[PDB]
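Here is the structure we will look at, set down as structure tokens.
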Amino acid sequence: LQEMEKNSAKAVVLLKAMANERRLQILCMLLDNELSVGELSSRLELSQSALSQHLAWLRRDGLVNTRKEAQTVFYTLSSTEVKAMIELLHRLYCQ
Amino acid sequence: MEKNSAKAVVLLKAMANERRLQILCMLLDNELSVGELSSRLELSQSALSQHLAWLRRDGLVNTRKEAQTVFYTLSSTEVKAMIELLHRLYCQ
């Protein structure tokens with residue numbers, strides 16, 4: 001039970017970051033892509049203001065990486081775990 | 096990517112809790128009674144019952160009854176592949 005608690009906690013950080021329609025939408029779009037914040041706002045149809053908080057959560061919990069080019073911030077998926085989970089969700093629900 | 100993401104999010108919300116996830120991982124490739132679950136999880140049956148009600152409501156588990164024993168299993172293809180993946184990722 002203890003080791004199951006140990007692992008369940010970390011998995012749950014990941015799940016809690018994914019368990020939101022907007023954060024999941026972002027993650028799904030980043031799968032095998034690098035997208036700007038402008039593109040994310042356009043595709044999600046959320047203002048950049050509402051977007052920034054979702055992105056902030058994904059940055060804080062380590063699900064996403066960033067880089068800056070001129071006036072553009074580019075996001076990609078980060079961890080092996082999130083990539084694997086997004087791939088799977090894509091196959092079950094999209095592909 | 097709106098309706099399917101919404102279904103996915105119902106699943107993820109059901110999984111995004113340490114006790115609920117524990118229940119689901121234990122049910123993987125298994126069928127367990129309420130007693131077996133409570134025994135392994137070290138929860139009161141009422142506490143366990145709260146989590147189970149959530150899992151049944153959202154379609155992640157099937158139940159059946161024999162005598163006065165209730166038995167649980169995972170339900171869908173989606174839930175099973177998600178648990179299998181998680182087990183691979185976090186339980187080496």
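Protein chains in written order, with my numbering: chain G, 1 to 95; chain R, 96 to 187. Beta carbons: idealized from backbone N, C-alpha and C, even for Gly.
Could you name the residues of chain R that residue i contacts, counting a contact when the two beta carbons are closer than 7 Å?
{"i": "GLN25(G)", "result": "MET96, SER100"}
Would residue i count as contacting chain G if we go by Cβ distances under 8 Å?
{"i": "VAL104(R)", "result": "yes"}
{"i": "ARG135(R)", "result": "yes"}
Against residue i, what residues of chain G qualify as contacts under a CB-to-CB distance less than 7 Å, listed in chain order?
{"i": "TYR185(R)", "result": "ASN7, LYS10, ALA11"}
{"i": "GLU173(R)", "result": "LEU92"}
Using the beta-carbon of each residue, which ones in chain R are nearer than 8 Å to residue i?
{"i": "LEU88(G)", "result": "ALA176, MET177, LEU180"}
Within the 8 Å Cβ cut-off, does residue i reach chain B?
{"i": "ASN20(G)", "result": "Given the protein chain composition of this structure (G and R), no chain B is represented."}
Any beta carbon of chain R sitting closer than 8 Å to that of residue i?
{"i": "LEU77(G)", "result": "no"}
Residues of chain G with a CB under 8 Å from the CB of residue i: which are they?
{"i": "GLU131(R)", "result": "Chain G residues near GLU131(R): none, gap ~13 Å exceeds 8 Å."}
{"i": "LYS108(R)", "result": "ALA19"}
What whole-angstrom Cβ distance do residue i and residue j have, given they're in contact under 8 Å?
{"i": "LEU107(R)", "j": "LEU155(R)", "result": "Not a contact, Cβ separation roughly 11 Å."}
{"i": "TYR75(G)", "j": "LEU35(G)", "result": "6 Å"}
{"i": "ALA11(G)", "j": "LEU181(R)", "result": "6 Å"}
{"i": "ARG135(R)", "j": "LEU1(G)", "result": "6 Å"}
Taking residue i as the query, report the chain R residues whose CB atoms sit under 9 Å from its CB, ordered along the chain.
{"i": "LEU1(G)", "result": "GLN117, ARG135, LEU136, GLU137"}
| Do the stretch 144-152 of chain R and the stretch 102-121 of chain R make contact, defined as three or more Cβ pairs closer than 8 Å? | yes
| task | Please go through the stretch 44-81 of chain G and give each complete beta strand (DSSP E) segment of 3 or more residues, from N-terminal end onward. | result | 64-69, 72-77
| message | Please give me, in chain order, every unbroken run of the alpha helix (DSSP H) with length at least 4 that falls completely inside the stretch 1-37 of chain G. | response | 2-18, 21-30
| task | Assess, as a yes-or-no matter, whether the stretch 29-43 of chain G is touched by the stretch 68-87 of chain G under the definition of 3 or more beta carbon pairs within less than 8 Å. | result | Yes, the stretch 68-87 of chain G is in contact with the stretch 29-43 of chain G.
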